[PDB]
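So the structure is just underneath, and the comments pick up after that.
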Amino acid sequence: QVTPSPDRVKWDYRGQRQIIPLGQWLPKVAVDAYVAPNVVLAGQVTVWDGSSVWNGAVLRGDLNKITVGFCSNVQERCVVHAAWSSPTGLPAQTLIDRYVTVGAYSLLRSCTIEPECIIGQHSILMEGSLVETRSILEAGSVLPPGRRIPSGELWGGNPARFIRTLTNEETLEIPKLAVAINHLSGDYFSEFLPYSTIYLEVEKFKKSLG
Amino acid sequence: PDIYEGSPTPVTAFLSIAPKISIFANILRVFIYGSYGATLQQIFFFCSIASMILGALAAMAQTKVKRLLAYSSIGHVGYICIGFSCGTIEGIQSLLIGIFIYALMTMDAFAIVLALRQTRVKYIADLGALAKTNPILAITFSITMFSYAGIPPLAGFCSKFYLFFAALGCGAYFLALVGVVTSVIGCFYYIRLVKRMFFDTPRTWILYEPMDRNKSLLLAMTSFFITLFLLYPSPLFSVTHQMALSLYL
Amino acid sequence: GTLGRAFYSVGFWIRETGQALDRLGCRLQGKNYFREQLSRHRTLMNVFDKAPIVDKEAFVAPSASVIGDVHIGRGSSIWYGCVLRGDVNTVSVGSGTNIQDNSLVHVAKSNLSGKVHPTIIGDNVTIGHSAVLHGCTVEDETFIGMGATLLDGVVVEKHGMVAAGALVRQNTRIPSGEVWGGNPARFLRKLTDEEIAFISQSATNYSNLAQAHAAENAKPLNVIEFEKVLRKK
Amino acid sequence: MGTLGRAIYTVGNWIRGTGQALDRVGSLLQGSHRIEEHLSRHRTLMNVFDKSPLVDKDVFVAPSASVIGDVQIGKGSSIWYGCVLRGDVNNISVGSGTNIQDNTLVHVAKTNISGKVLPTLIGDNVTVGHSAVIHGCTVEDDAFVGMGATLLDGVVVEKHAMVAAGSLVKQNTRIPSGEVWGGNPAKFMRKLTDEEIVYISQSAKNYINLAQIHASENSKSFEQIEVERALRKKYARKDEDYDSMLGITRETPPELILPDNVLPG
Amino acid sequence: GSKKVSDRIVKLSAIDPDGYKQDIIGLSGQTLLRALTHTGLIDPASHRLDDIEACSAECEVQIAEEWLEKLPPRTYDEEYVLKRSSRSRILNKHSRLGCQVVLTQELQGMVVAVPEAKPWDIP
Amino acid sequence: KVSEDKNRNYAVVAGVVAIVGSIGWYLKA
Ligand SMILES: CCCC(=O)SCCNC(=O)CCNC(=O)[C@H](O)C(C)(C)COP(=O)(O)OP(=O)(O)OC[C@H]1O[C@@H](n2cnc3c(N)ncnc32)[C@H](O)[C@@H]1OP(=O)(O)O
Ligand SMILES: CCCCCCCCCCCCCCCCCC(=O)O[C@@H](COC(=O)CCCCCCCCCCCCCCC)COP(=O)(O)OCC[N+](C)(C)C
Ligand SMILES: CCCCCCCCCCCCCCCCCC(=O)O[C@@H](COC(=O)CCCCCCCCCCCCCCC)COP(=O)(O)OCC[N+](C)(C)C
Ligand SMILES: CCCCCCCCCCCCCCCCCCCC(=O)O[C@H](COC(=O)CCCCCCCCCCCCCC)COP(=O)(O)OCCN
Ligand SMILES: COC1=C(OC)C(=O)C(C/C=C(\C)CC/C=C(\C)CC/C=C(/C)CC/C=C(\C)CCC=C(C)C)=C(C)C1=O
Ligand SMILES: [Fe+3]
Ligand SMILES: [Zn+2]
């Protein structure tokens, strides 16, 4: 039987809280990091200096730690999660290292991305998978559990396969892309004062109700 | 060095400055105002040379920040005691100027160290990539190091200038040679920190938590003083000449 | 321009100061309600002067994100969870076009990989659930299958179809009347006339469904729910 | 209280008026370009066509989720952040102990191109991974749908069957019991080991436990949020040596302790 | 996927200061210290870089000579750090700095003894 | 209508006294 509750909230005037603490696990956001207003950060999430998390992304650290490194970006509608353990037996936290560009609509679960990597749009990185430094995944790639992307290589496909070895110029371009995305995120960061004025609207909405 | 490293860092910062001021006041008023004479100035002369040499070499050996600063302070008290040794009004004035400038520089350095202790800074190598993760902090710390090295026109240049002024004023050329050598050694181990923050590309970075308002304001003021003191140094010069004279009149 | 940005920046200084003054006034009266964590999501968001222009007859779900210079035509619909970001370049949506739930229509964030292409969506276009459109052109009366990804430089010609879950690589042109699918997307077959009829009728149905949902969302916020949330213990 | 209290309150009123005037002047200086933030208009549960969602008492529905129209959700189920369940032209039914992960879309069709158009039926103890798309299909009990998978109209996922992460399951495809399918288009990969069946069950119960802590946090009032913010700040660090000098033992308050069933051990 | 993390995994055993043997995991190309920090056998906070200039022998391990022949010989700096960090200022012939040992496939099955942790957190 | 926190009100008075007394101190010196 489906027995509902009369008191369940249908419309919450506050909207979805961006920062969801879980016991003592409080998401940590650097003062110079951009987090879009509708992003959800829950539990053991750390967002470091210069990084950015864009509209519609969800970072849920309720089974393990989630880290977004220096000057890295998690783009629109990405979901980043983690598990208690990985099939490889290595620790199962999700580590996004520095100068990493995670393309929009990407799904990450208990994966490690070494510094200076680009994840193509609409990609999937599964439990215990590893992307070595200075590597690129094409859009739409699927990396199964415990699979590895060797350093200095371009991969792609469902499932991902070796395409070609990257040139040094290409690998030099990766931190530049991360820096450029941080520069763009600065413009969004400058649109928000430290406080919103919504509380005034709440005040008058209350007063109109007595 | 052992006490400075093992004590809590705020204790280390406090011990690095205030007791020197108090004890140098005592030394001035006891010896300078009293009278056995050339023997005691020779005491401080030999101890100054030993302190400069040992401080330079031992600091060059250090891999940890606190120990480096401790040995740096030992070398600088050698530089300062050269002024007491020469036994002139300008010697006392230069000693006071050195104490004041060293105190302000030490306050700057320990404000940075205390800011970095929030992420448990211990080794010089822990500063790697600081010019990337906090550019204005890496520049501020670099100004402090270059001031410690005595590079003009930073405030630290006064102590070097007087060291050589007294070497050619009291008539001491071994002292000048020692000053040249130890100054070059000091510059090397001070610019090693700048190299670590600006030139190195380590595989693992340490990201530091931003400092509180108190330390940022103190750092901002001490950094303007260190860069701009030589543009308007008259009040310190006049007040230190006043004090040197007041010891006997 | 530059003067506009200078005044926009100075304006923020004055505003920051005024809001701080208001918080001081509230603190003197013993109120902490300004501490409440309330969502700062804006359905339409400007980036300086780049602001969304939305037709009055277009449905935009409140949870959707429209950022920067984005044009939405009459009878078009932006569904729940959609994200449209035109900042480095523009995004335009024609009349009678549905952008389905959780879809993403955006442009290149940086010009590092070359000049940033705009995203052009024509009239009576269907964009399926959770599709990704990145700096591409989608002509009138075409069908983009849900979960499909279209990269920059792609052109979907009129009555073209992109099958669900397809990955259309950069600069690919999809000819008219053709069904392309797979990763990478390749020619599968020709479109049948019944499929064209379904394209048009599904678009007209979506415009009516949009109307219904816009009327639903436009209803006044219930005060009983507000009082229930306020009086929780 | 008293005359001093009243005077300070009046001065606060003056300061508030001045601050809001300064904010208006600053807005004018910006050329009025800044779209103002407003009260949230998102409705977690919404009617359409006079259809109301039927949600059981103990269901976690994230505030950012969208449950619209003719949707039924059974006991112990959970709808996570950013999920959209749009039951507007047809029915959506979710069984008991079933988790619909973050950013998932579930939808239905009024009339399919060919065949009998069917509602979207998700059974009991089903895991649906992050950012999946479920469209007009049937997922039977104890089935698993991988993250980012797409199920088209008429698809049937049978009991104890798996759809791999990233798969595109074409219309009317049937995933038989005990098999795992994947790819684009989805096709048979291999049989499911017994350990993987146990995994699927474990997934479902772990989610049931996770839903509890998330539901508890998302339903807290302003006052409790403030109380727990202060408590979290107080107990974030420690000086046990000074406590031993004082002869006291600080204990973590129970509102900061998670239940054991969600802890890694 | 023709390239797995399992291709780089190195099977290892560590004996804790209490004497109990534990089976641990590390990647080839990474240091023994990282493998030891995965399960907390050595506190990661005590040795955050893999550099000899940031080492006070917090990574120190004892290895029997059968596995010592399969490692490169200790450098002068390594022996300096080990000797000065010794309480008795004596160089242990089976001591290695864990941060200077890079794991390889040839070290599969190596047994390592982790001594009691030295103080490391300077006030 | 009224601020009820007595200690807060006293602190407000103290801050006001500090500000006004500082102004007077500058003015009469
Ligand atoms: C506590 C939380 C519980 C939850 O809710 S988990 C939900 C979030 N996570 C997921 O959805 C990920 C589910 N896992 C998957 O989808 C895995 O890919 C799946 C189906 C288990 C297969 O993984 P494995 O068993 O490790 O792969 P395998 O050993 O059978 O390899 C056989 C060949 O198939 C290929 N492959 C496997 N994974 C794939 C995929 N998803 N898609 C497509 N292709 C795949 C793989 O390349 C492999 O080798 P080859 O292709 O023959 O050369
Ligand atoms: C000639 C002297 C002898 C030689 C010594 C030279 C020592 C320096 C070495 C030179 C080599 C190159 C040095 C490069 C440094 C330049 C870059 C720099 O410092 O930029 C800073 C700028 O650092 C400063 O803040 C400097 C401020 C000093 C103020 C001195 C000016 C005093 C009067 C000015 C009045 C205010 C401005 C008037 C106009 C608006 C930016 O810091 P970030 O860490 O990147 O970001 C800061 C954060 N945020 C931008 C968001 C605020
Ligand atoms: C209509 C025209 C009149 C417009 C007047 C505008 C004048 C405003 C000028 C700005 C003054 C800035 C003063 C900065 C100090 C901030 C004072 C403050 O924050 O008030 C606090 C604390 O107040 C104090 O403790 C002493 C300072 C108050 C004295 C200055 C008040 C400024 C307005 C004067 C109001 C009193 C006038 C009438 C007195 C009978 C209230 O108590 P708490 O909420 O418990 O404090 C929490 C901690 N925190 C400081 C972070 C907020
Ligand atoms: C000479 C070269 C050129 C120098 C130029 C000097 C120019 C004058 C300086 C201008 C200052 C500009 C900034 C003024 C506005 C800042 C006002 C501070 C507001 C304040 O209340 O700060 C509080 C903290 O106290 C503090 O942070 C203040 C204390 C910080 C240390 C300042 C010195 C105090 C001791 C004196 C040392 C002298 C050393 C000499 C050897 C609370 O701050 P919060 O609300 O953000 O919360 C902090 C979390 N707990
Ligand atoms: C590398 O080879 C070796 C040495 O050789 C450097 C040694 O020594 C020793 C052992 C013997 C030692 C250390 C005796 C030396 C101790 C002394 C002189 C006590 C004084 C302490 C210090 C720190 C010296 C400071 C004094 C100075 C610089 C001069 C005194 C003051 C003035 C002139 C004013 C050993 C084992 C050794 O293997
Ligand atoms: Fe080491
Ligand atoms: Zn649909």
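Read the numbers this way: they start at 1 and go in the same order the structure lists the ligands and their atoms. Naming: A, B, ... by sequence-line order, numbering from 1 per chain.
Note on D/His107: its N/O/S atom closest to the Zn ion (ligand 7) is ND1. Among the heteroatoms counted here (N, O or S) of D/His135, NE2 is the one nearest to the Zn ion (ligand 7).
Contact check on B/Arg203 versus E/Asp50 returns no salt bridge, with no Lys/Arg side-chain nitrogen under 4.0 Å from an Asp/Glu carboxylate oxygen. Salt bridge annotation for A/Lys28-B/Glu209: present, with a cationic side-chain nitrogen under 4.0 angstrom from a carboxylate oxygen. Using a cutoff of 4.0 Å between basic side-chain nitrogens and carboxylate oxygens, E/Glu79 and E/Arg84 are not scored as salt-bridged.
The protein heavy atom nearest to atom 22 (O) of ligand 4 is B/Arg213 CD, 3.5 Å. The single protein non-hydrogen atom nearest to atom 38 (C) of ligand 4 is B/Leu218 CD1, 4.9 Å, given as residue, atom name and distance. Closest to atom 14 (C) of ligand 4 among all protein heavy atoms lies B/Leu217 CD2, 4.8 Å. Atom 26 (C) of ligand 4 has its closest protein heavy atom at B/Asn214 ND2, 3.2 Å. Closest to atom 3 (C) of ligand 4 among all protein heavy atoms lies B/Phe224 CB, 3.5 Å. The protein non-hydrogen atom at the shortest distance from atom 39 (C) of ligand 4 is B/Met107 CE, 4.0 Å. Distance from atom 7 (C) of ligand 4 to its nearest protein heavy atom, with residue and atom name: B/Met221 CG, 4.9 Å.
Less than 4.0 angstrom separates atom 47 (O) of ligand 4 from none of the non-hydrogen atoms of the protein. Distance screen at 4.0 Å: atom 36 (C) of ligand 4 has no protein heavy-atom neighbour inside the cut-off. Within a 4.0 Å radius of atom 41 (C) of ligand 4, the protein contributes at least one heavy atom. Within a 4.0 Å radius of atom 30 (C) of ligand 4, the protein contributes one or more non-hydrogen atoms.
Using a 4.0 angstrom heavy-atom cutoff, B/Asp212 does not count as in contact with ligand 4.
Between B/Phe229 and B/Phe237, the angle of the ring planes goes over 60°, which puts this pair in the perpendicular group of the 30/60° scheme. In this pair, C/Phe59 and C/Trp79 present their aromatic rings perpendicular. The plane angle is above 60°, beyond the 30 to 60° band.
Of the candidates C/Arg35, C/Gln19, C/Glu16, A/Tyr195 forms a side chain to side chain donor-acceptor pair (under 3.5 Å) with just one, namely C/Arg35.
C/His213 and C/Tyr80 have their aromatic ring centers within a separation under 6.0 angstrom.
The minimum heavy-atom distance between C/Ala203 and C/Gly96, with the atom names listed, is CB-O, 4.0 Å.
Applying the 6.0 Å contact sphere to NZ of B/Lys215 captures more than 12 heavy atoms from other residues, nucleotides or ligands.
Of all the listed residues (B/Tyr232, B/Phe225, B/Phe100, B/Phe229), B/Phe225 holds the heavy atom that lies closest to atom 2 (C) of ligand 4.
Rounded to 10°, the angle formed at the Fe ion (ligand 6) by E/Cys99 SG and E/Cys55 SG is 110°.
The side-chain tip of D/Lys110 points at the ring of C/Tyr206 from less than 6.0 angstrom away and within 45° of straight on.
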